[PDB]
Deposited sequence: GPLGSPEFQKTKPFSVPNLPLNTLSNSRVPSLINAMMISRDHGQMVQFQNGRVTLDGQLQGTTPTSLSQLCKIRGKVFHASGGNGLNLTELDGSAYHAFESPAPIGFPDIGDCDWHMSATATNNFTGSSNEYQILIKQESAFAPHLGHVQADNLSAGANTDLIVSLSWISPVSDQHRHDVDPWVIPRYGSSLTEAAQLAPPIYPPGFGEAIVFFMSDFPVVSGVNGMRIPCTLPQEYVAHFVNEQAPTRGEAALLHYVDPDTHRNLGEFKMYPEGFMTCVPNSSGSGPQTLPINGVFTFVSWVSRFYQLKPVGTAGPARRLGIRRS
């Protein structure tokens, strides 16, 4: 039988940055199409894009340092050190999927870590030399010796160094060179539900907020259960865990995203409490029409 975790939203992580969920929102501006490569899984538990099972892999890069005149960089591996296969994913698993911005990152030596001299604050730009699908990225302020093995964490993001735009749009994915497919709102006034987390973002279009389509812990749940998809959509109730009151109904599609219908041009799930739990009710057809959620 299909289930979603019996876990309050505000105890779970974003699937695009390692940060607690603190809000739900819908977006007319940005919610017309999304093609996030992280937080992507089918309801029967098929991982897509660069999506890991574990948050320990999310927004991480691993590789060996190269030195070139045009600039230093990393020859990418998987985070466990095994070889990256171009034919399996658009980048190594857990590779950040926030496009068209500067990545400020913290790299540590994986071999004989000595301390401060084996930690490197580096800048990865999304310019010509950014080719994760080919297995290499260019890094600025990377002083480590050639062939040094580094594990790299995303610290913060900021507007592109080359100034071709002055803000960060976290709704866009990188130009990698097997992309998780685009997701569109399915029709009849349904809007994609985005799980929001705060993250250090300089001049973000939505501020210091990062959207995703699934809590990370839902991803691990589907990959574990592998429950057969027995319908066109899973009808969910969002319920108060104390009272067991139905705060609103939502559809989860086999592609592994959620929709609601907002109340007459309203904010939809944005006004709901964030300490609620989603609960599977039943499989429903494409024809099923959701009771509008939230305020006018």
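> Given the full deposited sequence, which segments carry no C-alpha coordinates?
The deposited sequence has unmodelled segments at 1-12, 190-196, 316-326.
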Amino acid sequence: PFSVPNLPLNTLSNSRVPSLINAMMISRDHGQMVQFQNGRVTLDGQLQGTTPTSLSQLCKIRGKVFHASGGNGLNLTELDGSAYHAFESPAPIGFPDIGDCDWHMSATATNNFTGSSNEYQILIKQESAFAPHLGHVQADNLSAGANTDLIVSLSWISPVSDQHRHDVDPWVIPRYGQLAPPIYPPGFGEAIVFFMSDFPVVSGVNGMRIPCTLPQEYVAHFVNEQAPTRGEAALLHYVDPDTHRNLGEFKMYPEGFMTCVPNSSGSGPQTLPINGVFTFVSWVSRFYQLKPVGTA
From here on, numbers count along this sequence of modelled residues.
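> If you take the mean CA temperature factor per stretch, which one wins between 67-75 and 150-158?
Mean CA B-factor is higher for 67-75.
> Identify the stretch, either 191-199 or 87-95, whose C-alpha atoms have the larger mean B-factor according to the entry.
Mean B over CA atoms: larger for 87-95.
> Looking at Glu217, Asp140, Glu225, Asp80, which has the highest Cα B-factor in the entry?
Of the options given, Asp140 has the highest CA B-factor in the PDB entry.
> For the CA B factor values reported in this entry, which option in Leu134, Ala109, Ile210, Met105 has the top one?
That would be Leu134.
> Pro5's Cα B-factor: lowest, middle or highest third of the chain?
Lowest third of the chain for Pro5's C-alpha B-factor.
> With respect to C-alpha B-factor, does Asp29 fall in the lowest, middle or highest third of the chain as deposited?
Tercile = highest for this residue's CA B-factor.
> Could you place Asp44 in the lowest, middle or highest third of its chain by Cα temperature factor, using the values in the record?
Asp44: CA B-factor falls in the lowest third of its chain.
> Comparing against every modelled residue in the chain, figure out the third that the C-alpha B-factor of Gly266 lands in (lowest, middle or highest).
Highest third - that is where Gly266 ends up once the chain's C-alpha B-factors are sorted.
> Taking the C-alpha B-factors as the PDB entry records them, is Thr229 in the lowest, middle or highest third of its chain?
Its C-alpha B-factor belongs to the middle third of this chain's values.
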